[PDB]
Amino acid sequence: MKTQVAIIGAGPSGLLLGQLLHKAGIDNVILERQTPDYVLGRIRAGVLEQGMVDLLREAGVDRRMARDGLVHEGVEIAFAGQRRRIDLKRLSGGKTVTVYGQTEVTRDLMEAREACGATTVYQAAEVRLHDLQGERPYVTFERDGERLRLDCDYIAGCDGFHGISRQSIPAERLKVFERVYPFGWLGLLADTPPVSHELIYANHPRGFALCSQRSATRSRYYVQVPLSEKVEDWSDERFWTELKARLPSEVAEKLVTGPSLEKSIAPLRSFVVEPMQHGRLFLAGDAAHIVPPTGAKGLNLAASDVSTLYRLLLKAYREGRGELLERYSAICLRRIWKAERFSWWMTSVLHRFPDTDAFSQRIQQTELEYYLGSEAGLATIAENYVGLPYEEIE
C-alpha cells in the first residue's frame, strides 16, 4: 500500500491537513484508531479564530459554518460583582472570533473527505512508525487482525496527546515543558438558549465559571472543579446550583437550565515539546502541545501547525523545495509559545488557586482591574484573543 503523506489520526488536525493536501493534488492516507462515531462523539472546543475560519474556507469546507456559526465581536469578564466587556473588534483592528463547535468542524471535514474519495482507515489498530530517518519511512497497522504496511514519503503525527507519534521520537532528541494545574473544568452541554449573546468568563471566590454556547438553542457551561471530583458526583442540579452561585445575579436570574446532553471533566495542562519533528515525521496539534482551555487556543494552534505544514509540503512537492521542511518547528514554536503564554496568563487571573497567600489574591484582582480598565491593557487581551498573525514563511 502506498501514498505520499501518511496521516496518523482523524481529529480536526489530521482531517484538515488531509483535506488541504488532497485539494492541492498530494495523496494522503489517514489512519484512525477509533470508529467515526467515537470521534464524532467528542464535545470539546467552540471558539474559532479568523485564521482558522479562513483555512476552512481554503479547504472548501465552509458552507455549513458560514451558515450556522456565530460571529462574536466581544467577550465579557466578570470579577468582583462587575461585568467588563472587551470589544474584540474595536480593540484588535476589526478581527472577530467565530463560535462553531469542534464536533461540527470534524463532521464537515469527514463528509468532505468521504465525498472526494480520499483514503481513511478507521479501526487502524496498533499503528507503528518505522524508518523515520530514511528516505522511505513506512507505517504498519492491523485492520481486523492482519498486519498491513503503508509506504509513504512523510508522516504527519496528528494523533493527539496520547498518540503514538510523539512516542516514536527518541526521548533524547526531545525537550519537554510542562505545568499541571491543580484543577479541572467540569463542562455541561444543554439544549437551552445561552444566557448571553456573548461569552462570559467569570472569576468568583468559589472558582471559575464560563458561560458559552453552540447555537441559539444549545449552550455549554463550565465550572472550575478540583482534581478529586468525579463526574458521577455532579448531578445536573448540583451543577446549575453551582453555576448560578458563581455568576453575577442579573445573569443568574435569566439562566434557563435543563438536563445535560453531555457532562465531563477535563483537567488543565500546559505542554510543549521542542523540536516538533524528527526525520520524516512532523507533529501537529495536541500531539505536540497542550494549552489549558482558558484562552481557547488548542484547536486554533492545531490549525496553524497544519496551515504551516501544508504550505511547506506544497513547496516540497510542487516546487522541489524539500529543504524548507526543516523550518517547520522554528516557525510553529514561535506562535505556540505566545499562545501558551496567553493561555497561562488567562488561566492564572480567572481561576482560584488552592494555597494562595493574601498578597497574590490582591495582585490577581489588580491584574484584572488594570487590564480591564486600560485601553492598552484591553488591547493586549483582544489581539491575543482574536489570534496573533500567522507567519507566512520564506
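Quick note: we count residues from 1 along the sequence shown, nothing fancier.
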Q. Given the B-factors recorded for C-alpha atoms, which segment has the greater mean, 351 to 359 or 364 to 372?
A. 351 to 359
Q) When the C-alpha temperature factors are averaged for each of 384 to 392 and 3 to 11, which stretch ends up with the higher value in the entry? A) 384 to 392
(Q) Can you tell me which of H204, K230, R149, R218 has the maximum CA B-factor listed in the PDB entry? (A) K230
Q) Which one of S304, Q133, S270, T106 shows the biggest C-alpha B-factor in the PDB entry? A) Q133
Q) Of the three thirds of its chain by CA temperature factor, lowest, middle or highest, which one includes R341? A) lowest
Q: Would you mind checking where the Cα B-factor of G145 ranks among the modelled residues of its chain, as the lowest, middle or highest third?
A: highest
Q: Would you check the entry's CA temperature factor for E172 and let me know if it's in the chain's lowest, middle or highest third?
A: highest
Q | CA B-factor ranking of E323, expressed as a third of its chain | A | highest
Q) Would the CA B-factor of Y222 place it in the lowest, middle or highest third of its chain? A) lowest
